[PDB]
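# Reading the structure
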Amino acid sequence: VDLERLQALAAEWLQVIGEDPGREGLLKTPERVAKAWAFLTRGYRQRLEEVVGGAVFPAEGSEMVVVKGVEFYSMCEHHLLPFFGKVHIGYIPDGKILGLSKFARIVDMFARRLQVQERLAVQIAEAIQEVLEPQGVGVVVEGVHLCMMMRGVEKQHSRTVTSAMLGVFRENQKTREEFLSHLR
Amino acid sequence: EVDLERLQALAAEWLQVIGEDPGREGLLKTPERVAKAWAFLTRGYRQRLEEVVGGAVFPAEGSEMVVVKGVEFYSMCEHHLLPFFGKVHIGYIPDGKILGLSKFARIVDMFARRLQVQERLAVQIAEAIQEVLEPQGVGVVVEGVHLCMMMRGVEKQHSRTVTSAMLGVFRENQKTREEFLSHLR
Amino acid sequence: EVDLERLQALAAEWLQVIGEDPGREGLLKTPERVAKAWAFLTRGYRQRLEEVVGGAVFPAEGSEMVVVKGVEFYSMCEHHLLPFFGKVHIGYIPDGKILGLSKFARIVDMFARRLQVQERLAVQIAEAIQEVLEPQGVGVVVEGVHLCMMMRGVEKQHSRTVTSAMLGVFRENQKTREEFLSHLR
Amino acid sequence: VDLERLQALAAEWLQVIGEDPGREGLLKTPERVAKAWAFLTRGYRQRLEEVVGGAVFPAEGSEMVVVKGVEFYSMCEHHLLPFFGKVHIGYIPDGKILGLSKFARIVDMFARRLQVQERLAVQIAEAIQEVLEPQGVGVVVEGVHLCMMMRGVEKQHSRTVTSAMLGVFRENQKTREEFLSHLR
Amino acid sequence: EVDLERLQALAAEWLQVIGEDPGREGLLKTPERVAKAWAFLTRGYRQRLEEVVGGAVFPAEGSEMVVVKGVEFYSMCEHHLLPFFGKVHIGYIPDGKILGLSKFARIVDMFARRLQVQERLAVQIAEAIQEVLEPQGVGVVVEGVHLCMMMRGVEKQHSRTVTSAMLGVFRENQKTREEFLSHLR
Amino acid sequence: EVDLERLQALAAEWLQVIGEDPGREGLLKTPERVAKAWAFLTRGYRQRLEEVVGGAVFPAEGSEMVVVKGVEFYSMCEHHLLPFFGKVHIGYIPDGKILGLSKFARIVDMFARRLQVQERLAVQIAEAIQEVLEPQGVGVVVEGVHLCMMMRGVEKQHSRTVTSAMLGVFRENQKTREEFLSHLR
Amino acid sequence: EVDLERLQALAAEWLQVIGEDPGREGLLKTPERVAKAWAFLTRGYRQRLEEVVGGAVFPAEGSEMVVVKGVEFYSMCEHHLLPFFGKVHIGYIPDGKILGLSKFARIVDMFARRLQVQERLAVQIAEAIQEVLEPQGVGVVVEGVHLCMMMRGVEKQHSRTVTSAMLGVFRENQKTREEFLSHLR
Amino acid sequence: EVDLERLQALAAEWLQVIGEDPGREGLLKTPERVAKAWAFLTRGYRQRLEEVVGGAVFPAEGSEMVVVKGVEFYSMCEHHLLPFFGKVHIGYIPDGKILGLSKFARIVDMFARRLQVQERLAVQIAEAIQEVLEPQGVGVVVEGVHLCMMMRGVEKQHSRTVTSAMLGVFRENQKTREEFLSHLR
Amino acid sequence: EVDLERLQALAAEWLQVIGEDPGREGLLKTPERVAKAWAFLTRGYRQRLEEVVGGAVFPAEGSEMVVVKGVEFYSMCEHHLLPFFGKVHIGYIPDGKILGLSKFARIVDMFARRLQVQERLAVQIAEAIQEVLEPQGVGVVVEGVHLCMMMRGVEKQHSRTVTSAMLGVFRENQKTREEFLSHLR
Amino acid sequence: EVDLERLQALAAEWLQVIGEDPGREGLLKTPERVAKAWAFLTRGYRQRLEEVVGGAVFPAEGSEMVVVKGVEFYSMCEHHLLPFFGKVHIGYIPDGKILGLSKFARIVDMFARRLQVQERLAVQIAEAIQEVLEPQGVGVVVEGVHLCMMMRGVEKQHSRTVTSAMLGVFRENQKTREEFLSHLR
Ligand SMILES: Nc1nc2c([nH]c(=O)n2[C@H]2C[C@H](O)[C@@H](COP(=O)(O)OP(=O)(O)OP(=O)(O)O)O2)c(=O)[nH]1
Ligand SMILES: Nc1nc2c([nH]c(=O)n2[C@H]2C[C@H](O)[C@@H](COP(=O)(O)OP(=O)(O)OP(=O)(O)O)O2)c(=O)[nH]1
Ligand SMILES: Nc1nc2c([nH]c(=O)n2[C@H]2C[C@H](O)[C@@H](COP(=O)(O)OP(=O)(O)OP(=O)(O)O)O2)c(=O)[nH]1
Ligand SMILES: Nc1nc2c([nH]c(=O)n2[C@H]2C[C@H](O)[C@@H](COP(=O)(O)OP(=O)(O)OP(=O)(O)O)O2)c(=O)[nH]1
Ligand SMILES: Nc1nc2c([nH]c(=O)n2[C@H]2C[C@H](O)[C@@H](COP(=O)(O)OP(=O)(O)OP(=O)(O)O)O2)c(=O)[nH]1
Ligand SMILES: Nc1nc2c([nH]c(=O)n2[C@H]2C[C@H](O)[C@@H](COP(=O)(O)OP(=O)(O)OP(=O)(O)O)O2)c(=O)[nH]1
Ligand SMILES: [Zn+2]
Ligand SMILES: [Zn+2]
Ligand SMILES: [Zn+2]
Ligand SMILES: [Zn+2]
Ligand SMILES: [Zn+2]
Ligand SMILES: [Zn+2]
Ligand SMILES: [Zn+2]
Ligand SMILES: [Zn+2]
């Protein structure tokens with residue numbers, strides 16, 4: 001990402017909205033905004049194999065593993081405004097388990113992009129599927145969208161839930177229900 | 001369009017009939033304020049579903065249920081012309097198309113900003129979504145408090161009412177319905 | 001019509017027998033206050049379901065369940081003449097007819113303002129709704145605390161009692177009943 | 001209040017906003033609206049002496065009596081939309097105490113009118129002052145305003161607090177603080 | 001002490017006057033149950049403070065105030081003969097003497113099990129503690145809900161009343177009173 | 001007025017610089033959406049305090065403090081152009097004039113819909129109220145979360161920031177300030 | 001029955017063996033207080049189910065489940081003679097006969113005021129109810145905290161134990177047991 | 001020290017006197033378990049303050065108050081030999097020396113594992129800290145629930161007792177004590 | 001068992017390498033404290049299940065499942081040697097044998113006080129219970145937070161992990177497992 | 001720079017001494033993981049306040065207090081090398097200069113990622129802010145839980161520790177300090 005070009009675009013953005021890039025509080029803003037966006041879009045430049053590293057261990061049992069409450073932050077591709085919340089992951093191993101923290105690294109890889117909450121859930125689930133080839137995986141994303149809160153409809157109490165169910169989580173109703181019950 | 005002038009005249013007369021003084025300082029601008037307020041509160045009748053959606057329909061990203069919960073709403077009961085309000089929870093399973101999240105709120109407001117009965121509000125919201133997306137199914141749950149039950153009449157204070165509408169797979173598939181409802185708990 | 005004069009006489013003698021002084025400043029108007037209170041607390045026996053509903057029956061807007069929860073109630077246990085209170089939750093599936101929301105509260109009060117047993121209260125409310133709407137089904141859940149268990153006798157403080165009545169589809173369809181009960185959680 | 005005239009005004013109101021007074025759901029609406037408004041404005045027609053009745057008893061002590069959480073419902077005189085919440089009352093007797101329920105009857109007398117929350121607090125306090133002539137009285141009104149929530153600014157998390165302090169509640173900082181602390 | 005036979009006869013007639021049938025299966029033993037209940041509910045009039053304390057007064061261990069909060073109480077309002085209940089919080093600074101913790105509850109019950117006014121209940125509890133022990137000060141706060149305000153009359157649901165009595169240093173020193181009250185929040 | 005066309009051009013270029021495809025289906029309308037969003041998010045610069053208040057200033061009804069709490073707000077930090085949001089609490093003591101409650105919210109939005117620093121937001125809101133009402137004093141407390149601290153950089157998740165501005169009696173009278181702040185707890 | 005004198009002597013020797021001074025001011029009346037205490041805490045062994053229930057068995061008002069939850073209880077573990085306490089929840093479906101609500105609490109106390117094992121407590125309570133009402137089924141859930149594992153031994157602080165007993169339809173019917181357990185949630 | 005054999009014999013006789021069978025399966029090892037239990041529960045009498053604190057006295061890092069709250073504790077009332085438990089909160093201002101955090105808990109256990117009176121427990125803990133650190137002042141607040149008044153006697157369920165001890169600046173300085181107590185809120 | 005002298009030497013050097021001064025007043029006894037701590041934290045490797053249970057296996061009292069929830073645990077992740085902690089919930093259906101409640105906690109500590117992976121911890125606890133008792137089934141749920149995820153690396157703050165192991169009927173019958181899991185919500 | 005190679009060697013030997021197998025699959029990369037973790041956990045010693053602040057000091061917008069609360073932190077106790085964590089709350093009154101909000105979090109981390117005692121942590125954070133801004137005053141409150149008290153030693157579970165540092169007006173002005181502390185409640 002060309003930080004220098006982002007800075008120039010940000011400086012002009014400030015002017016067009018009626019601000020003064022030369023005033024003290026905005027002097028380093030174009031630079032700060034440029035670096036922030038490089039970080040906020042770093043997900044596009046990451047590789048799944050590197051993100052997981054080699055933290056795949058032999059399964060200790062056959063029961064479902066649930067990693068809940070993984071906070072996430074993303075940007076809606078429609079308004080370029082933040083949407084955030086939590087991601088809950090559940091899976092039944094097929095001989096291999098993932099290092100707990102790698103789930104969060106996978107979440108960040110797909111969240112630090114321009115997104116659609118519906119896509120985010122699917123991409124996370126598919127990534128875990130590719131890495132562990134488990135019997136099944138289930139991912140639930142619950143978030144609040146600033147594009148709905150600070151502008152437009154300006155609704156304050158809303159939150160959205162999206163999910164993706166693969167393998168036995170899609171095929172076995174009881175398995176899915178058990179996973180969702182753990183989140184309640 | 002609503003005749004604001006007539007509304008102002010009616011409101012001015014309303015004030016005198018209830019025993020107030022339409023001429024006192026604090027009520028002078030009231031007929032005007034009330035007229036504008038009611039035009040806004042009934043603006044939903046004059047809206048078009050096509051314009052409300054604004055073509056914000058996108059290709060589905062997956063096959064799982066999408067649940068948009070806690071969309072606050074405010075309406076007026078057609079029986080007493082007193083506000084009833086709370087939240088609307090929407091759930092649906094796409095059939096190739098998903099809706100921009102905010103459009104669910106815009107649809108809610110379109111049907112809430114009218115004289116209503118909560119049972120109908122749920123149905124109309126669900127039917128609007130079904131028409132716009134033609135999803136596999138849609139479920140709408142409305143939960144609200146009614147001032148006509150709280151500030152007068154029975155004057156109950158702890159009551160809330162839940163109404164809903166289930167279409168397609170939400171009406172036919174028991175487990176799909178149970179799954180949607182469980183997300184709300 | 002209750003004989004208020006006779007109630008006052010009985011209450012005045014009650015004050016004497018329990019050891020109090022009916023002549024006290026603070027007790028002078030007590031017999032009169034007690035008479036009026038009990039006339040109100042037992043007014044349910046003198047009400048008619050037809051008048052309580054007031055013809056507030058409208059055409060159904062859909063086929064989904066309507067749940068009116070948290071209708072607070074107050075009653076008197078027929079065993080000790082001590083209050084028991086809490087909330088009544090009502091669920092039903094219409095068969096072409098829906099009831100004005102407040103009428104559920106009026107029906108609750110009609111049966112609550114009598115001497116009762118909680119098990120009966122749930123049943124009578126459910127049967128009343130059934131008679132008025134002839135719905136596909138109706139379910140009533142009553143949850144309350146009993147002062148006769150709290151301020152005397154066993155003197156338990158944390159206990160609460162749940163009673164219910166299920167009619168039509170609420171009794172015949174397992175999933176329907178579960179759906180109603182889940183809405184209460 | 002002329003219920004018949006209110007009904008006629010309500011029937012026309014329905015027509016002007018684009019509705020049909022003849023449809024089933026609105027048949028009895030003009031009548032219902034008329035009766036509701038007669039009840040909602042009944043406060044103007046009540047008398048303080050009748051509302052209190054004669055429920056004024058000899059004081060049992062000198063300490064502050066606090067009656068909190070008296071729910072209330074009113075109508076803003078500006079938009080004719082409901083504003084509601086709770087009223088908390090505190091006072092130090094001067095030989096006379098009021099029957100607890102009469103505080104609620106006084107609240108209703110002033111709430112069932114077209115109001116301004118700032119006025120409501122003062123009128124309730126002054127009424128209690130006139131009835132008991134206590135050493136002091138304090139009234140706090142906290143409410144939510146539908147004219148701010150369902151229209152206009154459409155803010156959802158706001159609530160307003162107004163109050164009135166008379167006698168020792170105005171003069172004695174510690175007395176006022178003690179009353180307000182009881183509400184926390 | 002109290003004539004249970006006269007109470008039973010009064011209760012049996014009470015059932016008749018309010019519109020009930022004393023012959024009903026559910027009301028057969030009611031007059032008897034009601035008489036015994038009221039005998040228990042007014043037992044406080046016949047209790048002696050010296051016996052209530054049972055000589056459970058021990059030497060002080062320190063100078064700091066002792067706070068016994070959350071002592072649940074149940075009483076009857078002398079105006080309507082309907083229950084009012086809640087909690088009693090007690091704070092005191094000893095002067096060489098401390099009371100057995102449970103004795104505070106026994107004192108509460110002694111005064112609560114009578115016909116009362118919440119303002120008096122607080123004063124009588126504090127005065128009793130002041131008599132038994134000879135503390136530097138005593139503070140009693142009573143917070144309760146009144147059924148005469150909830151199940152009839154104004155029918156307000158969210159209200160509760162706080163009454164108190166401050167003696168000795170609790171009345172004298174504002175900082176002591178403030179500290180006692182802060183412990184309750 | 002804001003040049004939407006230039007904003008769209010800048011946004012379109014922004015998308016390509018960050019590595020995205022401005023031509024893909026979901027991003028086609030993005031430059032347009034972003035342009036309109038930012039014009040709205042910075043609309044506060046173009047508003048006039050006189051028009052915002054709309055002459056909704058009324059005669060004071062009393063002398064006590066008025067507290068309008070929980071007015072939600074959303075702003076953009078001038079340092080990172082990322083949202084910071086939360087609530088604004090306002091307190092003031094009238095000097096002959098009170099403000100229409102909703103105008104407090106309109107004033108908040110006027111200063112929040114700009115590039116800001118939370119410390120300034122509190123001050124400007126307080127100064128605006130002081131100018132419009134010339135009250136005895138005014139206090140404004142802003143509490144918010146900052147996404148620039150949450151979704152990047154230090155990435156702290158539990159932090160909230162409180163800023164305030166106290167004018168007149170709120171700045172000078174300790175007890176008046178304490179009273180205002182206590183209402184917020 | 002229980003030889004109080006013998007218990008006092010045993011308690012007196014207990015005080016000296018553990019290292020305390022039986023002649024100390026605060027311990028003089030201890031052996032006496034402990035004796036009466038344990039007589040009360042073991043009174044359940046001497047009670048009779050017939051007397052505890054009395055004649056409080058009324059005709060069933062309906063066929064739906066009756067749930068009496070939150071009946072607090074206190075018992076002593078037979079293994080350490082240390083208290084274990086919590087709540088007992090009872091559910092049952094009548095077969096023509098319903099029990100007076102307070103009798104459930106009296107039955108709980110009858111089996112709780114003994115040396116116990118929580119697994120047994122739930123079973124005995126269920127059997128007692130089954131014997132008295134002969135209902136279609138009974139379900140008992142006991143949830144408590146044990147001081148023997150909190151104030152000594154493992155010294156775990158967050159643990160709670162749930163034991164239960166299901167008879168009749170509560171053991172047979174899966175849906176019935178589920179419905180009962182759901183009411184407790 | 002404690003003669004475990006003698007306690008076992010006493011516990012064995014206790015079991016038969018109360019009406020139980022000492023030869024019963026679940027009671028065979030009870031007298032042994034009870035003996036060791038009470039030895040542990042009274043171990044505080046045999047501990048030495050110097051050994052409990054060890055050498056964990058470090059140089060003060062500053063002059064501000066240090067507050068260690070929520071230290072759970074369990075003790076036995078000397079009057080009934082029944083447990084009373086809750087939490088101990090400690091606050092102090094150092095005078096050049098600070099204590100290792102865990103030592104506060106060890107001091108609490110030292111005085112808690114004895115036969116006690118809650119008023120004394122707070123005093124002893126405060127004195128111990130004062131003796132070990134000689135700080136500018138120490139404040140101790142003990143809040144607990146007593147089973148002797150919950151599972152027997154008055155059988156009150158919602159009550160909690162607070163006792164405290166203030167030494168040095170915590171007793172002298174009004175603001176210091178207030179600040180400490182505010183931290184607990 | 002473990003060489004405390006070697007651990008001390010390793011810890012002393014650890015302090016030096018990370019940039020600290022072992023000679024500092026605050027670090028003088030650290031190597032010693034760290035060695036003893038790790039000896040305690042790995043004590044589970046040297047424990048014997050038979051001794052942990054202490055023959056506390058009693059005859060079953062009923063057939064219903066016993067649920068021991070909220071057993072707090074603390075462990076160290078074998079990957080980073082950083083603590084992970086939370087609670088362990090255990091459910092089982094006996095087959096003539098029930099375990100002493102506290103023994104479940106002792107089994108938890110036996111396996112937690114080792115280097116672990118949460119997935120294994122759940123399995124080992126369940127297998128131990130399955131060996132000691134010969135139940136029809138056992139279910140163990142472990143829920144914990146991991147410092148290696150919170151204080152370093154991804155630094156996520158809101159996450160917690162659930163692992164479990166189901167044996168016997170808990171694995172076989174879905175309704176049994178579901179009932180166990182429902183008791184935890 | 002820390003010698004990661006040496007840390008790995010020490011960690012590998014640590015695994016051997018505690019009784020584990022360094023050759024295990026799950027422990028092969030542990031020495032490397034532990035080395036990197038500790039380098040990060042002690043990175044605070046290698047940071048410079050000037051670089052941490054990054055010149056993010058701006059002109060003050062007003063004279064009122066700025067409170068940044070809930071900044072979560074994680075540290076290692078210098079006594080046992082076990083984590084202690086919680087939150088840091090910062091308050092200050094500017095003297096012409098304000099700090100970028102995130103810098104407070106960066107300052108917290110600089111001092112937290114070291115071996116510490118909570119009393120020192122509060123002081124160093126406060127002194128750092130003082131040096132950077134030279135404000136009229138600054139106050140820092142640190143509230144945390146210590147694993148060395150929870151997972152070993154006394155094993156207390158409910159305890160939490162509060163430490164603080166007050167400089168300038170926060171130390172000199174009683175009301176200012178109270179105002180800051182009240183914002184934290
Ligand atoms: N399904 C879905 N829709 C989203 C997400 N993020 C997001 O902005 N949207 C929707 C919100 C809007 O309805 C839609 C864009 O609507 P639009 O093209 O008419 O633009 P707009 O800004 O004028 O819409 P609006 O927010 O004012 O209603 O994109 C997301 O993650 N999932
Ligand atoms: N089902 C349903 N009923 C409603 C709604 N809003 C609303 O006012 N109602 C009911 C409440 C009342 O029972 C009914 C009108 O009853 P009614 O014609 O006898 O008039 P009323 O004002 O005298 O009745 P009440 O409120 O005093 O009981 O309309 C709604 O959204 N759904
Ligand atoms: N102080 C005070 N103001 C009130 C109360 N009720 C109430 O509506 N107001 C205010 C809200 C509005 O700001 C004001 C009327 O404003 P306005 O004459 O400009 O009319 P408007 O409807 O266009 O105002 P707005 O609500 O859209 O902002 O009356 C109340 O109880 N106290
Ligand atoms: N101060 C005080 N007043 C009480 C208590 N209990 C109690 O009923 N009262 C009041 C409530 C009533 O206002 C009053 C009796 O009022 P009243 O003689 O007019 O009788 P009422 O039944 O018609 O009054 P109301 O409840 O319908 O308002 O007694 C109490 O403990 N303290
Ligand atoms: N006082 C104050 N500071 C603010 C506000 N909004 C906001 O971003 N800041 C601070 C956060 C940062 O510390 C600072 C910008 O720091 P900087 O110029 O070093 O830029 P940076 O992005 O590299 O800083 P950082 O967030 O990564 O720590 O602006 C606000 O409303 N008030
Ligand atoms: N499944 C599972 N994984 C665990 C546990 N404890 C624990 O540290 N892990 C994982 C977290 C990490 O992803 C993994 C070690 O990852 P790694 O070998 O790449 O080392 P790292 O420190 O660089 O990884 P990271 O935490 O920075 O992501 O071990 C546990 O109890 N269960
Ligand atoms: Zn968007
Ligand atoms: Zn209505
Ligand atoms: Zn208004
Ligand atoms: Zn009364
Ligand atoms: Zn920023
Ligand atoms: Zn035990
Ligand atoms: Zn005792
Ligand atoms: Zn780890």
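- As recorded in the PDB header, X-ray crystallography is the method behind this entry, and the stated resolution is 1.82 Å.

## Side note on the overall build of chain A
- On a plain count of helices and strands, chain A comes out with eight helices and seven strands.
- Overall, the C-alpha framework of chain A stretches about 60 × 40 × 20 Å when taken along its three principal axes.
- Expressed as a percentage of its 184 residues, the buried residues of chain A come to 67%.
- For chain A, restricting intrachain contacts to residue pairs at least 6 apart in sequence, the fraction spanning at least 24 positions comes to 68%.
- Surface accessibility of chain A: about 6300 Å² in total, with carbon and sulfur atoms responsible for 44%.

## Concerning the relation of the copies chain H and chain G
- Each copy of the sequence occupies a distinct position, and chain H is placed on chain G by a rotation of 180° and an axial shift of 0.0 Å, giving an RMSD of 0.0 Å. Taken together, the rotation and translation describe the operation of a two-fold axis. Within chain H, the C-alpha atom positioned nearest to the axis of rotation is that of H:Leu10, 3.2 Å from it.
- The fraction of interface residues of chain H whose copies in chain G are also interface residues reaches 100%, indicating that both copies meet through the same surface.

## Comments concerning the UniProt feature "binding site: Zn(2+)" (unreviewed entry) in chain A
All names here are of chain A.
- The positions UniProt marks with the feature "binding site: Zn(2+)" (unreviewed entry) are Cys76, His79 and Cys147. For the annotated residues, spread through 72 residues, the largest C-alpha to C-alpha distance comes to 8.0 Å, consistent with a single compact locus.
- Here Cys76 lies in strand β2 (residues 65-76).
- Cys76 sits in the buried class, given a relative accessible area of 4%.
- Among all residues touching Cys76, those that are not within four sequence positions of it are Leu81, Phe83, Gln115 and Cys147.
- Here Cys147 lies in helix α6 (residues 146-149).

## A look at the coordination of the zinc ion (ligand 12)
Residue and element names in this part refer to chain G.
- On the protein side, the zinc ion (ligand 12) has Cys77 (SG), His80 (ND1) and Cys148 (SG) as donor atoms, found 2.3 to 2.4 Å from it.
- Motif for the zinc ion (ligand 12), donor spacing along one chain: C-x2-H-x67-C. Side by side, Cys77 and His80 carry an identical accessibility label, which is buried.

## So, the site of ligand 4
- In the vicinity of ligand 4 there are 20 residues, among which D:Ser101, E:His80, E:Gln118, E:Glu119 and E:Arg152 approach most closely.
- Among the chains of the assembly, those with residues near ligand 4 are chains C, D and E.
- A distance of 3.2 Å separates a nitrogen atom of ligand 4 from a polar atom in the backbone of D:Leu98.
- The contact in question runs from an oxygen atom of ligand 4 to an N or O atom on the side chain of E:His80, over 2.6 Å.
- Considered on its own, ligand 4 offers 640 Å² of accessible surface; in the complex 92% of this is hidden by protein.

## Quick look at the pattern of salt bridges
- If you walk through the whole model with that rule in mind, you get 132 salt bridges over all chains.
- A salt bridge links D:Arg23 to D:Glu19, with the nearest nitrogen and oxygen atoms 2.9 Å apart.
- Residue D:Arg23 is classed as partly exposed on the basis of its relative accessible area, which comes to 21%.
- Residue D:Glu19 is classed as buried on the basis of its relative accessible area of 14%.
- Two residues, I:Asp109 and I:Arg113, come together in a salt bridge whose shortest N-O distance is 3.7 Å.

## A short note on the side chain of B:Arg177
- Along the chain, B:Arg177 falls in helix α8 (residues 174-183).
- A distance of 2.5 Å separates the side chain of B:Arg177 from the backbone oxygen of B:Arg171, its partner in a polar contact.
- Among residues more than four places away in sequence, those in contact with B:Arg177 are B:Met166, B:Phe170, B:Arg171, B:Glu172 and C:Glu179.

## Here's the deal with the arrangement of the chains
- Of all C-alpha pairs spanning chain F and chain H, none lies closer than 12 Å, and the two are not in contact.
- Kept free of each other, chain E and chain I leave a smallest C-alpha distance of 27 Å between them.

## A short note on the packing of aromatic side chains
- In this structure the tally under the stated criterion is 55 aromatic pairs over all chains.
- Measuring from centroid to centroid gives 5.5 Å for H:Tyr74 and H:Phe85, while their planes differ by 25°, and the two rings are stacked. Residue H:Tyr74 is found in strand β2 (residues 66-77), and its partner H:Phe85 is found in strand β3 (residues 83-93); the two are separated by eleven residues along the sequence. For the residue pair H:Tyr74 and H:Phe85, the accessibility class agrees, reading buried in each case.
- Measuring from centroid to centroid gives 5.8 Å for J:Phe73 and J:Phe84, while their planes differ by 70°, and the two rings are edge-to-face. Of this pair, J:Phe73 sits in strand β2 (residues 66-77) while J:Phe84 sits in strand β3 (residues 83-93), and the two are eleven residues apart along the sequence.
- Take J:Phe73: its relative accessible area is 1%, and that puts it in the buried class.
- Among the aromatic residues, those joined into a ring-pair cluster are A:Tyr73, A:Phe84, F:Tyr74 and F:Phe85.

## What about the domain arrangement of chain A?
Residues and elements named next belong to chain A.
- Split into domains, chain A comes out as domain 1 (1-53) and domain 2 (54-184).
- Each of domain 1 and domain 2 has a C-alpha centre, and the two are 27 Å apart.
- Counting residues at the interface gives 13 residues for domain 1, matched by 17 residues for domain 2.
- Broken down residue by residue, the surface that domain 1 buries against domain 2 is led by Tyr44, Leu48 and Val52, which jointly contribute 41%.
- In this structure, the connection of domain 1 to domain 2 is made through zero salt bridges.
- One can count six residue pairs in polar contact joining domain 1 with domain 2.
- Those elements that place two or more of their residues in the side of domain 1 that touches domain 2 are α2 (29-40) and α3 (48-52).
- Grouping the amino acids of the side of domain 1 that touches domain 2 by side-chain chemistry returns seven nonpolar, four polar and two charged.

## Some remarks on the coordination of the zinc ion (ligand 11)
All names here are of chain F.
- Here the zinc ion (ligand 11) is held by the protein donor atoms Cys77 (SG), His80 (ND1) and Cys148 (SG), which lie 2.2 to 2.3 Å from it.
- In this structure, the zinc ion (ligand 11) is coordinated by four donor atoms arranged in tetrahedral fashion, with angles at the metal of 96 to 122°.
- Counting the intervening residues between successive donors of the zinc ion (ligand 11) yields the motif C-x2-H-x67-C.
- Classification of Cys77 by relative accessible area gives buried; the value is 5%.
- By relative accessible area, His80 is classed as buried at 13%.

## Description of the environment of G:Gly96
Residue and element names in this part refer to chain G.
- You can see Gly96 is positioned in the loop between β3 (83-93) and β4 (97-99).
- Sequence separation of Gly96 and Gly70 is 26 residues, and the distance between their C-alpha atoms is 25 Å.
- Look past the residues within four positions of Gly96 in its chain and what remains in contact with it is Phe58, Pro59 and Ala60.

## Considerations on the site of ligand 5
- Not every one of the 18 residues close to ligand 5 is listed here, only the nearest: F:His79, F:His80, F:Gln118, F:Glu119 and J:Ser102.
- At ligand 5, the nearby residues belong to more than one chain, namely chains A, F and J.
- With respect to ligand 5, the side chain of F:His79 contributes an N or O atom lying 2.7 Å from an oxygen atom.
- When isolated, ligand 5 has an accessible area of 640 Å², and the protein chains bury 92% of it.

## Observations concerning the UniProt feature "domain: GTP cyclohydrolase I" (unreviewed entry) in chain B
- In the UniProt entry, the feature "domain: GTP cyclohydrolase I" (unreviewed entry) is given for residues 11-184 of chain B.
- Note that residues 11-184 of chain B is 40% helix and 29% strand, and that its end C-alpha atoms are spaced 41 Å apart.

## Examining the interface of chain H and chain G
- Contacts between the two partners involve 46 residues from chain H and, on the opposite side, 46 residues from chain G.
- Across the chain H to chain G interface the summed buried area is about 4400 Å²; carbon plus sulfur atoms make up 68%.
- Our enumeration of links across chain H and chain G arrives at six salt bridges.
- Across the salt bridge formed by G:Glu13 and H:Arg6, the nearest N and O atoms sit 2.8 Å from each other.
- Counting the contacts that link chain H with chain G gives 14 residue pairs in polar contact.

Basis of the calculations
Residues numbered from 1 in each chain as written, not as in the entry; some residues may be left out. Chains lettered and ligands numbered in written order. Heavy atoms only, no water. Helix = DSSP H or I, 4+ residues; strand = E, 2+ residues; numbered from the N terminus. Buried < 20%, exposed > 50% of the residue type's maximum accessible area, 1.4 Å probe, protein only. Contact = heavy atoms within 4.5 Å. Areas by Shrake-Rupley, 256 points an atom, 1.4 Å probe, with all protein chains shown as cover. Least-squares fit on C-alpha atoms. UniProt positions renumbered as here; feature names shortened; annotations may be inferred. Donors = N, O, S within 2.8 Å, 3.2 Å for Na, K, Ca; no water. Near = heavy atom within 4 Å. Polar contact = N/O pair within 3.5 Å; in protein donor to acceptor, adjacent residues only side chain to side chain. Salt bridge = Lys/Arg side-chain N within 4 Å of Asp/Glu carboxyl O. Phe/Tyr/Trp six-rings, centres within 6.5 Å; stacked < 30°, edge-to-face > 60°. Domains from an automatic or database assignment. Buried area = accessible area lost by both parts, 1.4 Å probe. Nonpolar A, V, L, I, M, F, W, Y, C, P; charged D, E, K, R; others polar. Tetrahedral: all angles 85-135°; square planar, octahedral: opposite > 155°, others 65-115°.

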